[PDB]
**Student:** 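Once you've had a glance at the structure underneath, I'll fire off some questions.
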2 protein chains.
Amino acid sequence: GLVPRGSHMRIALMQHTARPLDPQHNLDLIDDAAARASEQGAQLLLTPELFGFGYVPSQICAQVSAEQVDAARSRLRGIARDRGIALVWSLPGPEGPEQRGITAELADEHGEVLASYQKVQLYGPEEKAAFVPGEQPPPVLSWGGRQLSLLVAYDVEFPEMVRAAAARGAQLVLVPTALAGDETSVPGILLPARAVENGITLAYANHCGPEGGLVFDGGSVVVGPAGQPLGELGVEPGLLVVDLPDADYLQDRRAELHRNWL
Amino acid sequence: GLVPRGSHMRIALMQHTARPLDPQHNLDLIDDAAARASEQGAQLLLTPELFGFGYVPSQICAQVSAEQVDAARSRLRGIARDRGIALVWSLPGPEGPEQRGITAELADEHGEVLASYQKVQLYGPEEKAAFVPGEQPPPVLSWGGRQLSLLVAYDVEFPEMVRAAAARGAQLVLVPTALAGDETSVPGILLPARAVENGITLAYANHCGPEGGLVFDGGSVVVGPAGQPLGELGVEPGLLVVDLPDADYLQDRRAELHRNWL
Ligand SMILES: NC(=O)CCCCC(N)=O
Ligand SMILES: NC(=O)CCCCC(N)=O
């Protein structure tokens with residue numbers, strides 16, 4: 001509807017099926033989503049993990065060059081500009097095939113990249129074979145009047161990763177993902193916990209449908225700091241649009257002890 | 001019912017109202033529970049936080065001497081013996097009023113204390129004024145064919161505390177608690193997450209009803225490693241009896257990085 005009294009940030013999440021190794025098609029889909037999100041008055045669009053090339057880690061590593069990643073990145077910056085909306089995307093990193101990870105980046109409505117992050121927790125043997133894990137903590141930055149951060153997919157399943165973002169001041173954690181296999185406890189159990197245990201909002205944007213030998217769950221969701229869904233999708237493609245409203249675990253935690261016990 | 005094929009541990013949880021500063025009454029209640037649990041073939045009974053003196057931290061600190069704590073402890077060891085069942089209880093620690101914390105201890109069916117733990121995360125100003133926080137990680141020990149551990153109440157709300165137990169090999173985490181205020185997201189959201197994110201079982205034993213200026217939630221529960229309740233109580237007093245059946249987060253986690261980011 002209309003932007004409410006008492007909300008100063010409206011976000012959008014893209015849920016859709018990508019075609020493996022067809023970035024012209026996948027980027028066209030993000031362009032359409034960015035246009036529809038901007039038309040609904042969203043200021044930011046979050047898109048799923050590796051969407052541009054499809055979630056096909058072994059085939060990315062074998063077939064997708066650094067020049068082809070750079071061209072998709074350049075076009076995504078163009079979409080943020082031409083559609084006038086901040087965009088979070090996830091591509092392979094910019095290094096060579098054997099040296100790059102899986103990334104997430106935030107570009108503003110001018111097409112400038114404000115923040116970049118390399119996925120720390122790679123999932124399973126195919127990712128671990130195709131990508132190098134990140135070594136840096138998630139970034140946190142002011143945008144639209146809140147502290148935003150980025151994490152990718154499996155990352156958010158580790159309470160430590162979200163705690164790292166929140167400990168640096170994050171209020172809204174944006175998470176491109178690619179979750180298949182009817183893993184209902186991730187959105188159902190883990191994500192609400194991450195939100196509650198840190199007093200933060202998390203946005204989780206998944207693929208859906210048949211893609212790269214898997215069938216993705218959909219279930220994209222924005223979870224508020226009480227653990228409740230501010231909005232959620234089912235299994236079908238969709239554009240989720242949400243207005244964010246305007247125990248103190250982060251202070252009580254004995255971090256110095258905890259760091260020695262992990 | 002009968003002990004099932006495929007289960008070699010049956011546990012019991014006591015949910016009840018304590019009377020503040022009346023350990024003869026409160027220990028009589030634990031004695032009754034221990035008798036009923038043992039009659040149902042349970043090998044261990046878990047009881048709630050500070051049950052013996054009631055959950056009244058400021059009044060414990062002001063009125064309950066080290067000799068009176070020691071006498072209750074001695075009697076609880078007697079109950080484990082006389083009723084022939086392992087018992088987990090939670091009392092003030094054995095030091096002076098100004099030096100003690102909140103503890104949990106496990107005694108075997110012979111009345112010998114196998115493990116002791118001092119609550120690390122104290123909750124709110126009254127606890128923090130009445131008790132000294134623990135400084136040690138949770139203990140983990142073989143008993144009944146599994147690795148058992150202990151945590152207390154608020155502790156379990158910190159993913160780091162349960163991760164510490166699981167990283168030392170815990171399979172079943174036993175948690176005396178005192179949760180009031182209709183805090184449904186603790187049993188509803190956090191506990192299932194703790195179980196899933198570590199692949200462990202957690203038993204959570206609460207007070208219920210009117211006690212010490214609060215009304216306790218009940219909602220005692222045993223949560224399995226899929227995050228599902230193996231058994232649970234509502235708001236009324238009860239004895240919950242459960243048979244325990246016979247992503248690899250603990251291996252994937254980049255603990256060395258995580259320890260620097262908390
Ligand atoms: N792209 C990913 O990180 C997939 C995460 C799957 C995690 C899970 N728990 O099944
Ligand atoms: N005895 C306790 O540790 C009370 C925990 C209350 C925690 C909560 N989240 O409200």
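Chain letters run A, B, ... following the sequence lines, proteins first, then strands; residues in each count from 1. We count ligands from 1, going down the list as the structure has it; atoms in each ligand are counted the same way. Only this structure's heavy atoms are used, side chains among them; waters, hydrogens and symmetry mates stay out.
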**Student:** Identify every side-chain donor-acceptor pair in residues 179-189 of chain B under 3.5 Å, counting partners at least two apart or on other chains, and give the distances.
**Tutor:**
none

**Student:** With the criterion set at N/O pairs under 3.5 Å, what does the list of contacts between the protein and ligand 1 look like, atom names and distances included?
**Tutor:**
unit_1   : atom_1 : unit_2   : atom_2 : d
ligand 1 : 1 (N)  : A/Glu49  : OE1    : 2.7
ligand 1 : 1 (N)  : A/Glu127 : OE2    : 3.2
ligand 1 : 3 (O)  : A/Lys119 : NZ     : 2.9
ligand 1 : 3 (O)  : A/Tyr154 : N      : 3.0
ligand 1 : 9 (N)  : A/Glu157 : OE1    : 2.6

**Student:** Check the orientation of A/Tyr55 and A/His207. Use parallel for under 30°, tilted for 30 to 60°, and perpendicular for over 60°.
**Tutor:** perpendicular

**Student:** For the pair A/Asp252 and B/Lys128, find out whether any cationic side-chain nitrogen is under 4.0 Å from an anionic carboxylate oxygen.
**Tutor:** yes

**Student:** Using 4.0 Å as the upper bound for N to carboxylate O, is an ion pair formed by B/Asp155 and A/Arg254?
**Tutor:** no

**Student:** Which word best sums up how the rings of B/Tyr123 and B/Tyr154 line up, parallel for under 30°, tilted for 30 to 60°, or perpendicular for over 60°?
**Tutor:** perpendicular

**Student:** About how many Å separate CH2 of A/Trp261 and CD of A/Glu256, when rounded to the nearest 0.5 Å?
**Tutor:** 11.0 Å

